[PDB]
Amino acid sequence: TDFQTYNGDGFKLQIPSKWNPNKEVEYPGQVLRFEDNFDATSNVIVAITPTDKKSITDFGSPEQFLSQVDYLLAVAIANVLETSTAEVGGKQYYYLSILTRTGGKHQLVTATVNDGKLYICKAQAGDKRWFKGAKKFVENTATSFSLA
């Protein structure tokens, strides 16, 4: 109920039901941007770019991957808090949770590689929307990202 299933070009994810699309492009390869109408710092994007890589693991570790796409994050401090990996349909997924400072922004990145394309999903919220009951709008959103 709190989320709506979004079917995109070769992917799917859960998007907070009250968020609205924004056509303004902020990221290279951006194909999706949804945000809280009342606070644009709460948002999710999906970006698709060409890659010669065959798996997200080709980048190295999750942290090594993030270093190579640091355009995703003026940010003065970026702390990787936790990482994870998963495998679905023979495809590897990387997950990172990040706190950035120029309070801070709470960001979650999901990434995978398929069919000559790099897929990145990033969701974020500021302190005002980082509280018990609202974290799912960042966390479920980003971790729900799947190839389809």
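Residues carry their position along the shown sequence, with the first being 1.
Count the deposited residues lacking coordinates between residue 73 and residue 74 and you get 10 or more of them. In this entry, residue 102 is separated from residue 103 by 4 to 9 residues of the deposited sequence that have no coordinates. In this entry, 55-63 has the higher mean Cα B-factor, the comparison being between 55-63 and 119-127. Annotation for 38-46 versus 75-83: the higher mean temperature factor (C-alpha) is found in 75-83.
Across the residues 88, 108, 113, 31, the deposited record lists the maximum Cα B factor for 88. Annotation for residue 141: C-alpha temperature factor in the lowest third relative to the rest of the modelled chain, per the entry. In this PDB entry, the Cα temperature factor of residue 97 sits in the bottom third of its chain's modelled residues, the lowest group.
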